[PDB]
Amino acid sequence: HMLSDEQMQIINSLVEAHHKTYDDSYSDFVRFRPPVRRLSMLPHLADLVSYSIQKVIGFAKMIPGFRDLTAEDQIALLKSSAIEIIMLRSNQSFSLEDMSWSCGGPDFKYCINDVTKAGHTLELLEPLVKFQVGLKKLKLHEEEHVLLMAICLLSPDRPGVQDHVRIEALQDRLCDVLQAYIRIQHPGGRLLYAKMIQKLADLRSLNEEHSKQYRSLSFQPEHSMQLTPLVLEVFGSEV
């Protein structure tokens, strides 16, 4: 068969928005508080994560159907899927070779240890890399990666969503464009769609673990003072 207009249009919007909010050169990383290899890497990663959040918001506002949801649902979805969308979009810079996120020279090429200096442990960093690898190997098309994020951000099963019915609907309309795309445009994606949906489940475990480690961190004022106002707002819990 083949994709329809509304379906293909959703793809053009999503793919154009991802391009509008992601730079494969990472030219804005020089404006971050420099990295340092006592949580020496905290300042830089807080800025990296604060920066990403803004980019995910710019991307989210362009997902078809998001703008319509109420301000509270837009916020509920972002606040609970942010960390996961960041992990997904961060894969673009991950390298199965060095097993690290290569965003720049020795300076911006982050290893697992570098994130340990941010306050995280292997209990999170280990599965994270495993997920990063398992995902990289799926050599997704730009249209499948972009759809996967849009789908991850439209989970009606997020702590805080009230109109969990329309959010549920928008996500099904997207899982369709994806399933139809893998089946029509992706040679060899017979098992793909399922593996992609599975990656979404691994993100819950990751999103969960991070939440615990971050809660610990944020409780210590000497460390929370290193974070940015945005990070503190998205990851903090406020009705």
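A residue's number is simply how far along the shown sequence it sits, counting from 1.
In this entry, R37 and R38 are separated by 10 or more residues of the deposited sequence that lack coordinates. Mean CA B-factor, 40-48 versus 190-198: the higher value falls on 190-198. Look at the C-alpha B-factors of 113-121 and of 77-85. On average they run higher in 113-121. Ranked by C-alpha B-factor against the other modelled residues of its chain, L69 falls in the highest third. In the deposited entry, the Cα temperature factor of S218 sits in the middle third of values across the chain's modelled residues.
For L138, the recorded CA temperature factor ranks within the middle third of the chain's modelled residues. When all modelled residues of the chain are sorted by CA temperature factor, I167 is found within the highest third. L153 sits in the middle third of its chain by CA B factor, as recorded in the PDB entry.
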